[PDB]
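Asker: So I've got this file, protein-v9.txt, and it contains compact mmCIF, C-alpha atoms and all ligand atoms:
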# COMPACT_ATOMS: atom_id res chain seq x y z
CA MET K 247 0.00 0.00 0.00
CA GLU K 248 0.95 3.66 -0.69
CA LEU K 249 -0.28 7.27 -0.43
CA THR K 250 -2.49 8.44 -3.36
CA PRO K 251 -1.01 11.26 -5.61
CA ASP K 252 -3.23 13.77 -3.69
CA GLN K 253 -1.89 12.58 -0.30
CA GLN K 254 1.72 12.77 -1.59
CA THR K 255 1.00 16.38 -2.72
CA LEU K 256 -0.54 17.33 0.67
CA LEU K 257 2.39 15.74 2.61
CA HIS K 258 4.93 17.45 0.32
CA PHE K 259 3.41 20.91 1.06
CA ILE K 260 3.55 20.18 4.84
CA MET K 261 7.19 18.81 4.67
CA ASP K 262 8.43 21.82 2.66
CA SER K 263 7.25 24.50 5.14
CA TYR K 264 8.29 22.35 8.15
CA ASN K 265 11.89 21.86 6.79
CA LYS K 266 12.31 25.69 6.34
CA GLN K 267 12.18 26.09 10.18
CA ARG K 268 15.58 26.80 11.82
CA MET K 269 16.75 27.77 15.32
CA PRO K 270 18.94 30.88 14.69
CA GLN K 271 22.71 30.84 15.48
CA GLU K 272 22.51 33.90 17.83
CA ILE K 273 20.19 31.94 20.21
CA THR K 274 22.52 28.86 20.02
CA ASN K 275 25.60 31.09 20.80
CA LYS K 276 23.77 32.57 23.86
CA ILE K 277 23.09 29.05 25.34
CA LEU K 278 26.91 28.65 25.19
CA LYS K 279 28.14 32.20 26.20
CA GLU K 280 25.65 33.99 28.54
CA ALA K 281 25.89 34.15 32.40
CA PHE K 282 24.26 31.30 34.39
CA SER K 283 22.01 33.77 36.34
CA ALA K 284 18.22 33.24 36.55
CA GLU K 285 17.69 36.58 34.66
CA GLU K 286 20.01 35.63 31.76
CA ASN K 287 18.62 32.07 31.55
CA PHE K 288 15.07 33.51 31.46
CA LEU K 289 16.13 36.01 28.74
CA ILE K 290 17.34 33.07 26.58
CA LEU K 291 13.94 31.27 27.02
CA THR K 292 12.15 34.57 26.12
CA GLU K 293 14.21 34.67 22.86
CA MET K 294 13.23 31.02 22.15
CA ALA K 295 9.50 31.74 22.83
CA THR K 296 9.46 34.79 20.49
CA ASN K 297 11.33 32.80 17.78
CA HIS K 298 8.74 29.93 18.08
CA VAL K 299 5.80 32.37 17.57
CA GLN K 300 7.40 33.73 14.32
CA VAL K 301 8.30 30.21 13.08
CA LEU K 302 4.76 28.86 13.96
CA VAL K 303 2.99 31.65 11.98
CA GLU K 304 5.20 31.17 8.86
CA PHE K 305 4.58 27.39 8.98
CA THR K 306 0.79 27.73 9.54
CA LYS K 307 0.41 30.24 6.61
CA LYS K 308 1.74 27.60 4.16
CA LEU K 309 -0.60 24.79 5.46
CA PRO K 310 -2.91 23.69 2.59
CA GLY K 311 -6.26 25.49 2.90
CA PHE K 312 -5.29 27.61 5.97
CA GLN K 313 -5.43 30.92 4.01
CA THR K 314 -8.94 29.93 2.68
CA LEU K 315 -10.33 30.15 6.27
CA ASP K 316 -12.08 33.30 7.66
CA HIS K 317 -9.45 35.75 9.00
CA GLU K 318 -10.80 35.68 12.61
CA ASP K 319 -10.66 31.84 12.69
CA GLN K 320 -7.01 31.98 11.45
CA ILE K 321 -6.21 34.14 14.58
CA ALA K 322 -8.26 31.82 16.88
CA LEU K 323 -6.31 28.75 15.56
CA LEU K 324 -2.89 30.39 16.08
CA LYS K 325 -3.88 31.60 19.58
CA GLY K 326 -5.32 28.22 20.72
CA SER K 327 -2.42 26.10 19.36
CA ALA K 328 0.72 28.24 20.10
CA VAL K 329 1.48 26.54 23.47
CA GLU K 330 0.97 22.91 22.23
CA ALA K 331 3.07 23.67 19.07
CA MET K 332 5.88 25.11 21.27
CA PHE K 333 6.17 21.88 23.29
CA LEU K 334 6.15 19.77 20.11
CA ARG K 335 8.88 21.90 18.39
CA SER K 336 10.87 22.09 21.72
CA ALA K 337 10.78 18.27 21.98
CA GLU K 338 12.25 17.97 18.44
CA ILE K 339 14.96 20.67 19.12
CA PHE K 340 16.01 18.99 22.42
CA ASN K 341 15.95 15.33 21.16
CA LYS K 342 17.19 15.81 17.50
CA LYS K 343 18.39 19.34 16.49
CA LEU K 344 20.66 20.28 19.41
CA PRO K 345 23.99 18.42 20.01
CA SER K 346 24.20 16.41 23.32
CA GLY K 347 26.38 19.12 24.98
CA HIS K 348 24.18 22.05 23.84
CA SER K 349 20.93 20.35 25.02
CA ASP K 350 22.55 19.50 28.43
CA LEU K 351 23.43 23.25 28.70
CA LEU K 352 19.90 24.27 27.63
CA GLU K 353 18.38 21.88 30.26
CA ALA K 354 20.78 23.38 32.92
CA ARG K 355 19.56 26.89 31.91
CA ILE K 356 15.86 25.83 31.97
CA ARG K 357 16.33 24.23 35.46
CA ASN K 358 17.95 27.54 36.62
CA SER K 359 15.67 30.21 35.01
CA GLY K 360 13.64 30.96 38.18
CA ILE K 361 10.69 28.85 36.93
CA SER K 362 9.16 26.45 39.54
CA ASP K 363 9.80 22.65 39.22
CA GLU K 364 5.98 22.21 38.74
CA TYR K 365 6.35 23.79 35.24
CA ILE K 366 9.74 22.09 34.38
CA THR K 367 9.16 18.36 35.34
CA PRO K 368 6.09 17.54 33.03
CA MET K 369 8.04 19.23 30.17
CA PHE K 370 11.10 16.91 30.45
CA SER K 371 8.75 13.96 31.04
CA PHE K 372 7.01 14.74 27.71
CA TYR K 373 10.41 15.02 25.89
CA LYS K 374 11.35 11.49 27.10
CA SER K 375 7.91 10.00 26.14
CA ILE K 376 8.13 11.60 22.63
CA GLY K 377 11.77 10.43 22.16
CA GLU K 378 10.71 6.84 23.02
CA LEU K 379 8.38 6.86 19.95
CA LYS K 380 11.42 7.39 17.60
CA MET K 381 9.36 9.83 15.52
CA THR K 382 10.19 10.56 11.87
CA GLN K 383 10.29 14.15 10.45
CA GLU K 384 6.98 13.36 8.57
CA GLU K 385 5.30 12.40 11.90
CA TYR K 386 6.56 15.62 13.62
CA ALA K 387 5.37 17.82 10.68
CA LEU K 388 1.91 16.07 10.47
CA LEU K 389 1.33 16.14 14.28
CA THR K 390 2.23 19.86 14.37
CA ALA K 391 -0.25 20.48 11.49
CA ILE K 392 -3.00 18.38 13.24
CA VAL K 393 -2.47 20.37 16.54
CA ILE K 394 -2.76 23.75 14.70
CA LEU K 395 -5.84 22.67 12.70
CA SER K 396 -7.83 21.57 15.80
CA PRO K 397 -11.55 22.39 15.15
CA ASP K 398 -12.40 22.39 18.91
CA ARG K 399 -10.37 25.52 19.91
CA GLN K 400 -12.32 28.35 21.56
CA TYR K 401 -13.74 31.32 19.52
CA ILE K 402 -13.83 29.54 16.08
CA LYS K 403 -17.01 30.54 14.14
CA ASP K 404 -16.78 27.95 11.28
CA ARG K 405 -15.54 24.67 12.85
CA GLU K 406 -16.66 22.55 9.82
CA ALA K 407 -14.22 24.47 7.57
CA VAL K 408 -11.36 23.45 9.97
CA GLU K 409 -12.63 19.79 10.19
CA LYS K 410 -12.31 19.58 6.35
CA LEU K 411 -8.63 20.65 6.73
CA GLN K 412 -7.72 18.35 9.69
CA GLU K 413 -9.46 15.11 8.56
CA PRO K 414 -7.16 14.55 5.46
CA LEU K 415 -4.06 15.08 7.68
CA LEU K 416 -5.25 12.35 10.12
CA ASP K 417 -5.93 9.94 7.19
CA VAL K 418 -2.34 10.64 5.88
CA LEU K 419 -0.74 10.08 9.35
CA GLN K 420 -2.64 6.76 9.87
CA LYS K 421 -1.68 5.60 6.31
CA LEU K 422 2.03 6.43 7.02
CA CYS K 423 1.75 4.38 10.29
CA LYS K 424 0.33 1.38 8.34
CA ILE K 425 3.06 1.72 5.63
CA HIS K 426 6.21 2.30 7.78
CA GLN K 427 5.23 0.25 10.91
CA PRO K 428 2.98 -2.70 9.71
CA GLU K 429 4.15 -5.03 12.56
CA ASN K 430 2.96 -2.43 15.16
CA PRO K 431 -0.83 -1.82 14.65
CA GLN K 432 -0.87 0.41 17.77
CA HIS K 433 1.70 2.98 16.40
CA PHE K 434 -1.06 5.45 15.35
CA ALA K 435 -2.65 5.13 18.88
CA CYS K 436 0.75 6.02 20.43
CA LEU K 437 0.85 9.23 18.27
CA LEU K 438 -2.72 10.21 19.40
CA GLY K 439 -1.50 9.69 23.01
CA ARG K 440 0.91 12.61 22.45
CA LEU K 441 -2.01 14.82 21.29
CA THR K 442 -3.88 14.24 24.57
CA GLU K 443 -0.67 14.72 26.62
CA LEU K 444 -0.01 18.06 24.79
CA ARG K 445 -3.46 19.40 25.84
CA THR K 446 -2.53 19.16 29.57
CA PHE K 447 0.25 21.76 29.02
CA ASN K 448 -2.34 24.51 28.29
CA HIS K 449 -3.62 24.59 31.91
CA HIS K 450 -0.07 24.13 33.36
CA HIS K 451 1.11 27.05 31.14
CA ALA K 452 -1.87 29.37 31.98
CA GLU K 453 -1.34 28.64 35.74
CA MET K 454 2.40 29.47 35.31
CA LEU K 455 1.62 32.82 33.57
CA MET K 456 -1.11 33.83 36.12
CA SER K 457 1.46 33.43 38.98
CA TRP K 458 3.95 35.87 37.29
CA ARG K 459 1.36 38.77 37.52
CA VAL K 460 2.95 39.81 40.89
CA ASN K 461 6.59 39.27 39.66
CA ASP K 462 8.81 41.97 38.02
CA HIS K 463 11.56 39.64 36.65
CA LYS K 464 9.46 36.93 34.89
CA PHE K 465 6.60 39.18 33.58
CA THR K 466 7.02 39.52 29.76
CA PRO K 467 4.23 41.81 28.36
CA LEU K 468 4.64 40.74 24.65
CA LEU K 469 3.73 37.07 25.28
CA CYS K 470 1.63 37.51 28.51
CA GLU K 471 -0.86 40.02 26.87
CA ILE K 472 -1.95 37.28 24.38
CA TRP K 473 -1.46 34.03 26.39
CA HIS F 746 -4.15 40.04 18.53
CA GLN F 747 -2.14 42.99 17.03
CA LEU F 748 1.15 40.97 16.87
CA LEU F 749 -0.51 37.80 15.44
CA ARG F 750 -2.51 39.91 12.91
CA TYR F 751 0.74 41.63 11.81
CA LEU F 752 2.73 38.34 11.41
CA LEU F 753 -0.22 36.68 9.61
CA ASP F 754 -0.79 39.69 7.29
CA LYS F 755 2.82 40.25 6.17
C1 LIG U 1 4.77 24.77 31.57
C2 LIG U 1 5.66 25.66 30.76
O1 LIG U 1 5.22 26.36 29.85
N1 LIG U 1 6.98 25.62 31.10
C3 LIG U 1 8.08 26.34 30.54
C4 LIG U 1 9.36 26.13 31.06
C5 LIG U 1 10.44 26.82 30.53
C6 LIG U 1 10.27 27.71 29.48
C7 LIG U 1 9.00 27.92 28.95
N2 LIG U 1 8.79 28.84 27.88
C8 LIG U 1 9.39 28.72 26.61
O2 LIG U 1 9.18 29.53 25.72
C9 LIG U 1 10.33 27.58 26.32
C10 LIG U 1 11.64 27.86 25.91
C11 LIG U 1 12.53 26.84 25.63
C12 LIG U 1 12.11 25.53 25.75
CL1 LIG U 1 13.23 24.24 25.39
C13 LIG U 1 10.83 25.21 26.14
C14 LIG U 1 9.94 26.24 26.42
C15 LIG U 1 7.86 29.99 28.14
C16 LIG U 1 6.54 29.83 27.33
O3 LIG U 1 5.61 29.17 27.80
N3 LIG U 1 6.47 30.43 26.13
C17 LIG U 1 5.29 30.37 25.26
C18 LIG U 1 5.68 30.26 23.79
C19 LIG U 1 4.41 30.16 22.89
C20 LIG U 1 3.44 31.35 23.15
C21 LIG U 1 3.11 31.48 24.64
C22 LIG U 1 4.39 31.58 25.49
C23 LIG U 1 8.50 31.38 28.03
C24 LIG U 1 7.50 32.48 28.36
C25 LIG U 1 8.11 33.86 28.19
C26 LIG U 1 9.33 34.04 29.09
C27 LIG U 1 10.37 32.90 28.88
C28 LIG U 1 9.72 31.51 28.96
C29 LIG U 1 7.90 27.23 29.49
Spit out the file's structure as structure tokens when you get a sec.
Ligand SMILES: CC(=O)Nc1cccc(N(C(=O)c2ccc(Cl)cc2)[C@H](C(=O)NC2CCCCC2)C2CCCCC2)c1
Answerer:
Amino acid sequence: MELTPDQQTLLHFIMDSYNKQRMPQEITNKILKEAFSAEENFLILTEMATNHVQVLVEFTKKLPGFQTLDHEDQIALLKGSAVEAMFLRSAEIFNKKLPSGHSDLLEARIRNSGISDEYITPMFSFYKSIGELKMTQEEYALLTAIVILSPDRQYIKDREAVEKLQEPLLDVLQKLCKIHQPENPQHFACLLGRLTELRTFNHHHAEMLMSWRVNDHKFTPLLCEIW
Amino acid sequence: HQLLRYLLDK
């Protein structure tokens, strides 16, 4: 069995925009050079958060049919998925894109940025669970697209339009699971398990931001005003 | 919404 020419086309358009994504060198150099203070470590994570927002929007814009949606629903989808997409991209950066030494330094910085263990521990737990799945680039790109095109996010006026965009991505991901892992019929179910685990980070994240409202060091108006 | 609107409409 194989993907139909239309499914190959759809996957190609998703792979192309996903492969364009790159963590800039200036952020990488900072992980290596900057002071190990809570303020400097937090400033590095602020740079990573702002980079993710820019990368997420450029990726989403190139998703087949995204620009055909009503403008307000495009905003609602980006707002509702930004946090879940951050954890997915972060998992990939930590487990595949960053060299062993650089990731160990990034983890050191995260664990010393002034953020409570309550908001650090589930994050590293998720990275380990994702890494266990030995996910391909195709699976990372499709999951990211499925998370963004979730028709159940708040403040979407035309959910059916979004359903029509997400359903063919789920068919493609299941077909890729049946093609590349035929001896493991539960591989698709393992990928859906990551979707449900990602949703729990929204309440953890919102709780984390709400607690910074009486803090002068951690309060970042650019990201806080939206999320 | 201003930042997202700008990045989306660029
Ligand atoms: C539970 C949780 O979110 N933990 C937890 C721990 C450490 C850093 C973070 N953050 C990261 O960006 C981040 C950075 C690097 C990695 Cl490898 C993982 C995550 C914060 C964040 O949530 N950014 C969101 C991005 C998408 C739009 C809504 C804001 C960020 C907020 C602004 C000030 C600095 C920190 C988050």
Asker: Dump as a PyMOL selection string the residues of chain K that approach chain F to within 12 Å, counting all atoms listed in the file.
Answerer: chain K and resi 296+299-308+312-313+317-326+328+467-473
Asker: Can those selected residues be exported to a file as a PDB file, keeping the file's coordinate frame so that it contains C-alpha atoms?
Answerer:
ATOM      1  CA  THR K 296       9.460  34.790  20.490  1.00  0.00           C
ATOM      2  CA  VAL K 299       5.800  32.370  17.570  1.00  0.00           C
ATOM      3  CA  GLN K 300       7.400  33.730  14.320  1.00  0.00           C
ATOM      4  CA  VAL K 301       8.300  30.210  13.080  1.00  0.00           C
ATOM      5  CA  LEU K 302       4.760  28.860  13.960  1.00  0.00           C
ATOM      6  CA  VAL K 303       2.990  31.650  11.980  1.00  0.00           C
ATOM      7  CA  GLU K 304       5.200  31.170   8.860  1.00  0.00           C
ATOM      8  CA  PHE K 305       4.580  27.390   8.980  1.00  0.00           C
ATOM      9  CA  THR K 306       0.790  27.730   9.540  1.00  0.00           C
ATOM     10  CA  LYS K 307       0.410  30.240   6.610  1.00  0.00           C
ATOM     11  CA  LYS K 308       1.740  27.600   4.160  1.00  0.00           C
ATOM     12  CA  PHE K 312      -5.290  27.610   5.970  1.00  0.00           C
ATOM     13  CA  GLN K 313      -5.430  30.920   4.010  1.00  0.00           C
ATOM     14  CA  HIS K 317      -9.450  35.750   9.000  1.00  0.00           C
ATOM     15  CA  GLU K 318     -10.800  35.680  12.610  1.00  0.00           C
ATOM     16  CA  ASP K 319     -10.660  31.840  12.690  1.00  0.00           C
ATOM     17  CA  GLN K 320      -7.010  31.980  11.450  1.00  0.00           C
ATOM     18  CA  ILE K 321      -6.210  34.140  14.580  1.00  0.00           C
ATOM     19  CA  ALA K 322      -8.260  31.820  16.880  1.00  0.00           C
ATOM     20  CA  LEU K 323      -6.310  28.750  15.560  1.00  0.00           C
ATOM     21  CA  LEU K 324      -2.890  30.390  16.080  1.00  0.00           C
ATOM     22  CA  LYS K 325      -3.880  31.600  19.580  1.00  0.00           C
ATOM     23  CA  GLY K 326      -5.320  28.220  20.720  1.00  0.00           C
ATOM     24  CA  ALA K 328       0.720  28.240  20.100  1.00  0.00           C
ATOM     25  CA  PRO K 467       4.230  41.810  28.360  1.00  0.00           C
ATOM     26  CA  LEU K 468       4.640  40.740  24.650  1.00  0.00           C
ATOM     27  CA  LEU K 469       3.730  37.070  25.280  1.00  0.00           C
ATOM     28  CA  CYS K 470       1.630  37.510  28.510  1.00  0.00           C
ATOM     29  CA  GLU K 471      -0.860  40.020  26.870  1.00  0.00           C
ATOM     30  CA  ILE K 472      -1.950  37.280  24.380  1.00  0.00           C
ATOM     31  CA  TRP K 473      -1.460  34.030  26.390  1.00  0.00           C
TER      32      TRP K 473
END
Asker: To one decimal place in Å, what is the distance between atom CA of residue 428 of chain K and atom CA of residue 444 of chain K?
Answerer: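 Separation of atom CA of residue 428 of chain K and atom CA of residue 444 of chain K: 25.8 Å.
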Asker: Atom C3 of ligand LIG 1 (chain U) and atom CA of residue 365 of chain K, how far apart in Å?
Answerer: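 Atom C3 of ligand LIG 1 (chain U) lies at a distance of 5.6 Å from atom CA of residue 365 of chain K.
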Asker: Give as a ChimeraX atom specification the residues surrounding ligand LIG 1 (chain U) up to a distance of 7 Å, considering all atoms listed in the file.
Answerer: /K:288-289,291-292,294-296,298-299,328-329,332-333,336,340,356,361,365-366,369,447,450-451,454,464,466,469,473
Asker: Please produce a file of those selected residues containing C-alpha atoms, as a PDB file, in the frame of the given file.
Answerer:
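Result file is again13.pdb:
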ATOM      1  CA  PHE K 288      15.070  33.510  31.460  1.00  0.00           C
ATOM      2  CA  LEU K 289      16.130  36.010  28.740  1.00  0.00           C
ATOM      3  CA  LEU K 291      13.940  31.270  27.020  1.00  0.00           C
ATOM      4  CA  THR K 292      12.150  34.570  26.120  1.00  0.00           C
ATOM      5  CA  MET K 294      13.230  31.020  22.150  1.00  0.00           C
ATOM      6  CA  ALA K 295       9.500  31.740  22.830  1.00  0.00           C
ATOM      7  CA  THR K 296       9.460  34.790  20.490  1.00  0.00           C
ATOM      8  CA  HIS K 298       8.740  29.930  18.080  1.00  0.00           C
ATOM      9  CA  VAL K 299       5.800  32.370  17.570  1.00  0.00           C
ATOM     10  CA  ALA K 328       0.720  28.240  20.100  1.00  0.00           C
ATOM     11  CA  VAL K 329       1.480  26.540  23.470  1.00  0.00           C
ATOM     12  CA  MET K 332       5.880  25.110  21.270  1.00  0.00           C
ATOM     13  CA  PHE K 333       6.170  21.880  23.290  1.00  0.00           C
ATOM     14  CA  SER K 336      10.870  22.090  21.720  1.00  0.00           C
ATOM     15  CA  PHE K 340      16.010  18.990  22.420  1.00  0.00           C
ATOM     16  CA  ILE K 356      15.860  25.830  31.970  1.00  0.00           C
ATOM     17  CA  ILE K 361      10.690  28.850  36.930  1.00  0.00           C
ATOM     18  CA  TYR K 365       6.350  23.790  35.240  1.00  0.00           C
ATOM     19  CA  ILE K 366       9.740  22.090  34.380  1.00  0.00           C
ATOM     20  CA  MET K 369       8.040  19.230  30.170  1.00  0.00           C
ATOM     21  CA  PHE K 447       0.250  21.760  29.020  1.00  0.00           C
ATOM     22  CA  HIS K 450      -0.070  24.130  33.360  1.00  0.00           C
ATOM     23  CA  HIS K 451       1.110  27.050  31.140  1.00  0.00           C
ATOM     24  CA  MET K 454       2.400  29.470  35.310  1.00  0.00           C
ATOM     25  CA  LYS K 464       9.460  36.930  34.890  1.00  0.00           C
ATOM     26  CA  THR K 466       7.020  39.520  29.760  1.00  0.00           C
ATOM     27  CA  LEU K 469       3.730  37.070  25.280  1.00  0.00           C
ATOM     28  CA  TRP K 473      -1.460  34.030  26.390  1.00  0.00           C
TER      29      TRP K 473
END
Asker: Which of these residues is nearest to residue 272 of chain K, using all atoms listed in the file: K:359, K:383, K:297, K:250?
Answerer: K:297
Asker: Using atom CA of residue 438 of chain K and atom CA of residue 392 of chain K as the two end points, give the distance in Å to one decimal.
Answerer: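 Atom-to-atom, atom CA of residue 438 of chain K and atom CA of residue 392 of chain K are spaced 10.2 Å apart.
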Asker: Please identify all polymer residues within 12 Å of residue 343 of chain K, counting only C-alpha atoms, omitting same-chain residues fewer than 4 positions from it, and present them as a list in words.
Answerer: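 The filter keeps residues 265, 267, 268, 269, 270, 274, 335, 336, 337, 338, 339, 347, 348, 349 and 383 of chain K.
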Asker: Pick from K:290, K:309, K:281, K:456: nearest to residue 412 of chain K, with all atoms listed in the file counted?
Answerer: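 So, comparing all the options, the nearest one is K:309.
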Asker: I'd like to know which of K:424, K:355, K:266, K:449 is closest to residue 249 of chain K, using only C-alpha atoms.
Answerer: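 Of all the options, K:424 lies closest to residue 249 of chain K.
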